[PDB]
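What follows is a single structure, written as structure tokens, with notes after it.
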Number of protein chains: 2
Amino acid sequence: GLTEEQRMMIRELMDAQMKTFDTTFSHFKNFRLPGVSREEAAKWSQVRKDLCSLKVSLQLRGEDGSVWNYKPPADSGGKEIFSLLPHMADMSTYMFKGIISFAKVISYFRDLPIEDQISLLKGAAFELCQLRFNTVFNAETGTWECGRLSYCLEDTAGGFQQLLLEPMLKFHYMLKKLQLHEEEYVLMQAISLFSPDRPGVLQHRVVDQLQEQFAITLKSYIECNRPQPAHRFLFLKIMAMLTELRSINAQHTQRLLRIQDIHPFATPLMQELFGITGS
Amino acid sequence: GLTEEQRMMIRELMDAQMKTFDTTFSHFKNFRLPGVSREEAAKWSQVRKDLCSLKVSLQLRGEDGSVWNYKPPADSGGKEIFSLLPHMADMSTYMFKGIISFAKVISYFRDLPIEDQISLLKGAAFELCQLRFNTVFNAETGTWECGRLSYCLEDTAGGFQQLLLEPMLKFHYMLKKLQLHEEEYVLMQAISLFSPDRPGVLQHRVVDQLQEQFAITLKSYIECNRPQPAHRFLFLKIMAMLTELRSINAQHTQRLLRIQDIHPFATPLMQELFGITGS
Ligand SMILES: C#C[C@]1(O)CC[C@H]2[C@@H]3CCc4cc(O)ccc4[C@H]3CC[C@@]21C
Ligand SMILES: C#C[C@]1(O)CC[C@H]2[C@@H]3CCc4cc(O)ccc4[C@H]3CC[C@@]21C
Ligand SMILES: ClC1=C(Cl)[C@]2(Cl)[C@@H]3[C@@H](Cl)[C@H](Cl)[C@@H](Cl)[C@@H]3[C@@]1(Cl)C2(Cl)Cl
Ligand SMILES: ClC1=C(Cl)[C@]2(Cl)[C@@H]3[C@@H](Cl)[C@H](Cl)[C@@H](Cl)[C@@H]3[C@@]1(Cl)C2(Cl)Cl
């Protein structure tokens, strides 16, 4: 069974999720939409490869029942590969705010020194974003269902299996297949958030002990509520997914910074979280 | 055969069409797009009936290869029925300018007094718009193909036959089925433009004689270039379509003014041409 402290812990995390996760994306508005040198040469080639590796179309369902649909352009060696970047920057920025709010509502987080709060959020914001995004992911239709917005994966030559070579996409399908509870998602967010080895963390003995407690609570939760053979080793699978998410976080940070280098687009909040300084 | 004067006449009309018809709609830009009392009660009911009687979705093909698609809302008793009005006002305004330019390039038109020019354009602008729109109408797919913009008729319960109850739509299908030449379309535009019985025309003996000459030139053109049994009575069918277009013009003017009464949207050029004064 769960100890009282373990029940309190889950309770406070679920409370924080409830207050700060706009699951219908109702308050996401005023966002942008797509319009209607050998060293440099190597930079663009890489960014081009990075960008086309994850193509989505976009749908907007109006409250009135109207539907707008956007199919992205092909790469034709020009700036059209950047068409969805302002929009995506706005969406991630919106998600990041929710995630910052999530963190601030948690007592264990508030109690850390401010410099560590910042270091942990800089370290985990993206990961907590992916974790929240997975809960609105539809693995049957390859679509992230964000209230009135949908982001639908473009077909490719190898269909599912091939698009699934992309680590971000493999991560989303694999996590969704685990069929996690809300409680388990939010404990994943805590474990990722309270990671002792993020750049700049000072109170890392504290953070490490906090992390260990969230992990023990998760292991205990699974043991108390999931007896089926399907869920044998579920706790270890989740921890393995969390390690993988940190790898993905590192890869995508590098992509971001590679795009940013040749085509600036990061919002001010994005710059803050990813260490772009404005100069 | 055609007399020299008849060849000159067609030549000058075709010249005017060539210079003033943006057939790829390349210069149509900066247009608006849909966003992302018992006496009054009777007004809205009528306007609602008027508006839903011709529903189109809209597609925009970007030069980069991107595609935007808009599916209109259902009537739910609110202002959503007006969603495409600003856009359509911008498109018609764009077409009207081309049509005004067309008229001004024609010697027979320039030679009329200015007050008659204005009276003829007020009378015929809409009709010449429909005539030009028919040349980019695709009767197989029920779409008006305006370069990178397409306007596609929405499906309904009776399919083609039922949507074809709408006089505007019946007119477009019937005219397209006649498979007219460019020359014949532009002579239709001249006959409509030079109509002696538009409100306010003063030199109507002149205009009537001008109109009669364009009609004789058209009859002669058909007789010289169309011997097939399919085209027997083609000249009379065209004149019957022109009479029908004037009926449509009267109906649609009333719809326009009915919408305008309860929901103003007409551009300044629209107001000028339809006699809305600004007060
Ligand atoms: C390059 C590249 C990509 O693989 C396709 C689009 C890129 C994202 C664009 C938006 C965005 C926003 C962030 O806050 C952080 C990263 C990104 C980019 C990550 C790499 C992506 C998915
Ligand atoms: C009401 C109604 C309708 O049948 C559907 C949309 C209406 C048009 C909107 C744009 C427009 C522009 C013009 O310059 C003149 C008329 C109109 C309206 C005509 C009636 C329409 C087709
Ligand atoms: Cl997830 C995910 C979503 Cl969602 C989109 Cl729209 C975008 C957000 Cl804005 C950032 Cl946070 C992340 Cl890296 C990406 C991806 Cl992989 C896509 Cl391109 Cl699908
Ligand atoms: Cl034709 C024709 C076209 Cl085109 C559209 Cl988009 C619109 C123009 Cl802007 C005005 Cl001029 C005319 Cl009345 C209408 C219709 Cl019937 C539709 Cl709603 Cl299809």
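The numbers here are math on the coordinates, done by the rules we state, and not lab data. With ideal geometry, Cβ positions are generated from the backbone for all residues, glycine too; neighbour counts draw on all protein chains shown.
Here are B:176, B:170: which of them is loosely packed, with under 15 Cβ neighbours inside 10 Å and not hydrophobic (A, V, I, L, M, F, W, C)? Break it down stepwise before answering.
Details: B:176 fails: loosely packed, with under 15 Cβ neighbours inside 10 Å.
One residue alone meets the criteria, B:170.
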Counted residues, the stretch B:163-212 - those being more than 16 Å from ligand 4 (Cβ to nearest atom) and more than 18 Å from the chain's Cα centre (by Cα): 16
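Here's the yes/no breakdown for (1) of a type in the set (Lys, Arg); (2) loosely packed, with under 13 Cβ neighbours inside 10 Å:
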site	(1), (2)
A:1	no, yes
A:7	yes, no
A:20	no, no
A:26	no, yes
A:65	no, no
A:82	no, no
Filtered residue count, the stretch B:23-36, keeping only those that are out of contact with any helix residue (DSSP H, G or I) (no Cβ under 7 Å at 6 or more places or on another chain) and within 11 Å of chain A (Cβ to nearest Cβ): 4
Condition check for residue A:215: more than 16 Å from ligand 4 (Cβ to nearest atom), part of a helix (DSSP H, G or I) and within 30 Å of residue A:88 (Cα to Cα): no
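Can you say whether residue B:101 is among the small types (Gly, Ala, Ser), on the phi < 0 side of the Ramachandran plot, more than 13 Å from ligand 4 (Cβ to nearest atom) and outside any helix (DSSP H, G or I), as far as the supplied structure shows?
Details: among the small types (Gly, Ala, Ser): yes; on the phi < 0 side of the Ramachandran plot: yes; more than 13 Å from ligand 4 (Cβ to nearest atom): yes; outside any helix (DSSP H, G or I): no.
No; evaluated as a whole, the condition is false for this residue.
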Where residue B:124 falls short, out of the listed (1) farther than 16 Å from residue B:243 by Cβ; (2) assigned to a helix (DSSP H, G or I): (1)
Checklist (1) within 30 Å of residue A:8 (Cβ to Cβ); (2) assigned to a helix (DSSP H, G or I) applied to residue A:179, failing item: (2)
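Could you check, for the stretch B:268-277, whether at least one of its residues is closer than 19 Å to residue B:95 by Cβ and not in a helix (DSSP H, G or I)?
Going through the stretch B:268-277, the residues closer than 19 Å to residue B:95 by Cβ turn out to be B:268-276.
Among the residues that remain, those that are also not in a helix (DSSP H, G or I) are: B:275-276.
For the stretch B:268-277, residues closer than 19 Å to residue B:95 by Cβ and not in a helix (DSSP H, G or I): present.
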Of all residues making up the stretch A:101-120, the number that are in contact with a helix residue (DSSP H, G or I) (Cβ under 6 Å, 6 or more places away or on another chain) and farther than 13 Å from residue A:210 by Cβ: 3
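Quick check on this structure: which one of A:106, A:99 is closer than 19 Å to residue A:271 by Cβ, more than 16 Å from ligand 2 (Cβ to nearest atom) and out of contact with any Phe, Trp or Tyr (no Cβ under 8 Å at 6 or more places or on another chain)? Talk me through it step by step, then tell me what you get.
Details: A:106 fails: closer than 19 Å to residue A:271 by Cβ.
Every option except A:99 fails the conditions.
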The stretch B:192-209, residues that are under 20 Å from residue B:3 (Cβ atoms) and surrounded by 23 or more Cβ atoms within 10 Å (Cβ to Cβ): B:194
Residue count for the stretch A:24-54, restricted to those that are within 14 Å of ligand 3 (Cβ to nearest atom) and closer than 26 Å to residue A:185 by Cα: 3
Test: residue in the stretch A:80-90 that is over 19 Å from residue A:30 (Cα atoms), of a type outside the set (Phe, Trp, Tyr) and more than 9 Å from ligand 3 (Cβ to nearest atom): yes
Given (1) touching a helix residue (DSSP H, G or I) at 6+ places or on another chain (Cβ under 9 Å); (2) outside any helix (DSSP H, G or I); (3) more than 26 Å from residue A:44 (Cα to Cα), index of the condition residue A:237 fails: (2)
Within the stretch B:120-142, considering residues that are surrounded by fewer than 21 Cβ atoms within 10 Å (Cβ to Cβ) and more than 16 Å from ligand 2 (Cβ to nearest atom), the one farthest from residue B:180 (Cα to Cα): B:141
In the stretch A:1-22, the residues that are of a type in the set (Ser, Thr, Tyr) and either within 14 Å of chain B (Cβ to nearest Cβ) or not in a helix (DSSP H, G or I) (or both): A:3
Residue in the stretch B:37-72 that is nearest to the other protein chains (Cβ to nearest Cβ), counting only those that are part of a loop (DSSP other than H, G, I, E, B) and within 23 Å of residue B:259 (Cβ to Cβ): B:72
Boolean, residue B:211 is within 18 Å of residue B:9 (Cβ to Cβ) and in contact with a helix residue (DSSP H, G or I) (Cβ under 8 Å, 6 or more places away or on another chain): yes
